[PDB]
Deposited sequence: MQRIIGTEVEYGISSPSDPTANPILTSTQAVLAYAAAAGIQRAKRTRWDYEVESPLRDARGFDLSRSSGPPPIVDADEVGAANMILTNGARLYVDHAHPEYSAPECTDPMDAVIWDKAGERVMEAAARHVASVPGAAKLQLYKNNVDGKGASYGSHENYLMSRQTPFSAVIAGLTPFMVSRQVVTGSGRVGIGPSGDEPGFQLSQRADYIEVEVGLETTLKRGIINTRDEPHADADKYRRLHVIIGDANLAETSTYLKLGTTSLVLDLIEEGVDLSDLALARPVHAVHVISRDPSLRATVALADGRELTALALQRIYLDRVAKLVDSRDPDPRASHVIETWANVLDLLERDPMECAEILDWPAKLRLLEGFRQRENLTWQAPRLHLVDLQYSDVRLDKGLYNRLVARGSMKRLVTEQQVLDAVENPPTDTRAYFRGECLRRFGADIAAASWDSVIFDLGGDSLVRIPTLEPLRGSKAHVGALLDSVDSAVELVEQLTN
């Protein structure tokens, strides 16, 4: 398949021994340390490493194959780790820790954005109508997991998505507040006559490679459905912003959301419908091994999630995180407000290979990988 895809990730950053640390200074020093180690900085890949909104931001080079996209996203994780290591190496330098996540559990949220190239001729009303239900429902596949419910997390519980509590409107332009399910930002950096750039801000940051792979591939294929003019009007939701919250806060995946036509569907059912229509589109065109592989992975994940969520605990981010959290809850007779559960949720995304809980699950073979570490490391220093 051939649709240009980009990703841009803002990493959380901290210095545990410096409560009064200024995040702008820490982010700037991380970026500068990485640039000095190598030699608004352009890496050798083509990615962009810079500071934005008091976070270090890594922007991957544009890719057409979602597998390349996931590889370069993981390369960004490695770049953050290397930057922290270079900062720590300076004698008398405060320790820096980075996290590939989206929230701090206190009310702040920083985002990992996706960018897709679409045709300028495609009406954006079609995009809104056809993409809103899919975007609302895809968190059951791509959700990263979060402990604490509500923007300030004052309600105990586990939910599927970090970003869900910070989505307020169905359509919007601003990314730092009143965030929307669809984002109307329009700067193509190309011929605006024929190409537009859709900007997605509802996704969590993902560690598991299957999660990222499906997040990018299925979104690309659904956009292909939109451009072809396939009809999706039957799938419009009654109250999409409410639907994001309802779906996020039910890890059992049995909660339903009302459609405009009065049907009530789970997120898995919506995903199955979109998968069916995408498969019909792909089968009607010339062979595309990558599209077929994405469809196969998507179908397998949907089947496994329907059978039992924990069957994806070595495949997807939020089931793996939930397996850890439930294990500790059982062992220590904890409640969802327990600080150690919050610590587990936070340290899952720590980009240190030896301390990040996801990285430990990968090391011990408790998490599937779609790509080899050799590919990721080669991507750290080469373009796609």
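For this chain, which runs of the deposited sequence have no C-alpha coordinates, given in order from the N-terminus?
Seq positions lacking coordinates: 40-82, 428-498.
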